[PDB]
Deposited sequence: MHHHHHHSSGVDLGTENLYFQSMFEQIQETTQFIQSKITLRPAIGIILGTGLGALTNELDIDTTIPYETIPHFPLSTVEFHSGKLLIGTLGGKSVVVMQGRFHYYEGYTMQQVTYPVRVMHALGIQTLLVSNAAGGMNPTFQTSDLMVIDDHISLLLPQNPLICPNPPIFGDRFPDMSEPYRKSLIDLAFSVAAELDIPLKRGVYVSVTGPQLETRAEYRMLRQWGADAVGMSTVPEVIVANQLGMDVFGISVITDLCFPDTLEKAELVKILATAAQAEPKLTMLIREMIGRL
């Protein structure tokens, strides 16, 4: 079944690694610098991994040491706007679960709709809105092997990990924001009317990923921490043209702070 696929994937991964990570990190598009801070023990290209989706817009699974602990890092992820199903988008999370990963740190780039946000701000995700997503990764003809049929979503981002983020940030003098993330499919950016409405719904930041992974991670009983880099501002009255290159550059600008935050958080787990 899906269980047999996951077994095959994890068996392949276990044959390459000797570390036993209990922590996993999904790096957002344009946020690969963390891998430089990582003492890399094993590198596994996505193309070699059984049942992983082929050819992402290379993709690498890295196993090594960070903040004095064993971690697995996904460099590259699968996006719904690339034409992957939600099951493919979230397959790596199921794999991390079966590897024994208990804590998942997810980062992404997002548009800031909160008026106090500036480009390059780091925003801890304390909640999300998932209801715009057109396909749900939990819709399966059969009940789950692991977890509840109808998982509770009253705390999808674990409070202790949010508090830890803020503790570390205060200690390192990293300004840190928090708020509600809303997932859209993309790939087109949002209209002015859309930004206005999303803000009115209570969203602080909008992005094109992450939420499916967090849903699956919570259903599987993992502890999740999520963080957005604010790469562009989405104030509809003063909205200008956004450009992928500027978004990537802005993401890169914030990476040193993000890397430092994440390393020190892991160090403290």
>> So, counting the deposited sequence from position 1, which segments are absent from the coordinates?
In response: 1 to 21, 79 to 81
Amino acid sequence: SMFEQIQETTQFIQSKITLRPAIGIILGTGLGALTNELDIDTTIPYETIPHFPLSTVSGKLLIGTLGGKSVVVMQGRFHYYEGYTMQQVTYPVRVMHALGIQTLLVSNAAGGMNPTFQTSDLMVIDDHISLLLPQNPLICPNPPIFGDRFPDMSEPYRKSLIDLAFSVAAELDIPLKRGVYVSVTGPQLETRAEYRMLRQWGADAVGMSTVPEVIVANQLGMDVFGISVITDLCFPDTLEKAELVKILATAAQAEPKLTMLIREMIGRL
From here on, numbers count along this sequence of modelled residues.
>> Regarding 196 to 204 and 47 to 55, which shows the higher C-alpha temperature factor on average in the entry?
In response: 47 to 55
> Which of the two stretches, 168 to 176 or 106 to 114, shows the higher mean Cα temperature factor in the record?
Replying inline: 168 to 176
> At the C-alpha atoms, which of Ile26, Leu31, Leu244, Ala217 reaches the highest B-factor in this entry?
Replying inline: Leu31
> So where's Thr85 on the chain's Cα temperature factor ranking, which third?
Replying inline: middle
> Lowest, middle or highest third of the chain for the C-alpha temperature factor of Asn142?
Replying inline: highest
>> How does the C-alpha B factor of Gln75 compare with the rest of the chain: lowest, middle or highest third?
In response: highest
> Taking the entry's C-alpha B-factors for this chain, is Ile230 in the lowest, middle or highest third?
Replying inline: lowest
>> Looking at the temperature factor on the CA atom of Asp223, which third of the chain's modelled residues does it land in?
In response: middle
